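Understanding the architecture of this molecule
Each chain, written out:
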Amino acid sequence: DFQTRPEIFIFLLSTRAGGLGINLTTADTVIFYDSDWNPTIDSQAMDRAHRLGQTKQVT
DNA sequence: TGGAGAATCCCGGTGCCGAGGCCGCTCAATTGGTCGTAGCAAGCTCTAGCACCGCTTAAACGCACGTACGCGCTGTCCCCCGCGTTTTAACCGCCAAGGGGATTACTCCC
């Protein structure tokens, strides 16, 4: 759904269940409302956006 | 006695799902030796269980006889059954949820 249609603004996503898996490359912005103590997991989360096929500069 | 018709049975056909057998493996039953002890055995004590006698009188029995009560009979009526109608909720299927219990991560404390 999120990848299909640009009317959806925001994607709420838990850090561990949601950080690991598939591309989310029609986002452009990643907000850590809270940041994991293990920096790898925040890196995985950031790179669900910052990825091959990423549309725009990730902030 | 007959009959009609409903209700119960039987015969063969269909299919589905669970019973009966196969497979892999664990872990619980078996083999071997140890060691403690309890309960099997021999022995003594004296409890209390069984037997008998004799007496007392309360408890058991056989009988008379009255009447209280068990039982078959009669009448009624009411209320529970057999059957058609109306309706509701039990059953089935499919999706949701939540919860809880085991696991995994990450930090602080020792």
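Reading the values: rules and limits
- Residues numbered from 1 in each chain as written, not as in the entry; some residues may be left out.
- Chains lettered and ligands numbered in written order.
- Part of a larger assembly, values for the part shown.
- Heavy atoms only, no water.
- Salt bridge = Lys/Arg side-chain N within 4 Å of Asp/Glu carboxyl O.
- Helix = DSSP H or I, 4+ residues; strand = E, 2+ residues; numbered from the N terminus.
- Buried < 20%, exposed > 50% of the residue type's maximum accessible area, 1.4 Å probe, protein only.

Per the PDB record, this model was obtained through cryo-EM at a reported resolution of 2.7 Å.

On to the pattern of salt bridges, then. Summed over all chains, the structure comprises 3 salt bridges. When the shortest N-O distance is used, the salt bridge between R5 and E7 registers 2.8 Å. Residue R16 is joined to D36 by a salt bridge in which the shortest nitrogen-to-oxygen separation is 2.8 Å. Within this pair, whereas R16 is found in helix α1 (residues 15-19), its partner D36 is found in the loop between α1 and α2 (39-49), the two being separated by 20 residues in sequence. For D36, a relative accessible area of 13% corresponds to the buried category.

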